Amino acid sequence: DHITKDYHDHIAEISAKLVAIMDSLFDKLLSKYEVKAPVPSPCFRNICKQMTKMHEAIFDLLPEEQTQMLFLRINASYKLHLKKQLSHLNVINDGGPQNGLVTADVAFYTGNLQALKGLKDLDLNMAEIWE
């Protein structure tokens, strides 16, 4: 019976070093992210293409709930770093031109993420990036 936990205990470990990879990727990219047209920006197109690739790699591999938990944590890291850069660039949620560009770029990001199998109903809480 222990065999049951043997799996879930192990898989939780692969999930952790998968989110670290994205955390590193996000830090690298979003640290040099600059708000400008068009949208999706090259930075965001790169990011979505990467999350699409990882999703394709683990989907058949992990149970749906784990895949869902995994991409919630990836999204959490994404929001963490994005928020950080927005604050750095002094961009705020005031309804201005630059605000709109980021909001549009983010809209593309969630549009993509939500289309990935098993992830359509994720509670993403994207507003957090503005704080």
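Residues carry their position along the shown sequence, with the first being 1.
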Taking the deposited Cα B-factors and averaging over 59 to 67 and over 101 to 109, the higher mean is found in 59 to 67
Comparing mean C-alpha B factor in the record for 43 to 51 and 27 to 35, the higher one is 27 to 35
The residue of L122, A115, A20, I14 with the maximal C-alpha B-factor according to the PDB record is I14
Quick tally, chain-level thirds of C-alpha B-factors: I74 sits in the lowest
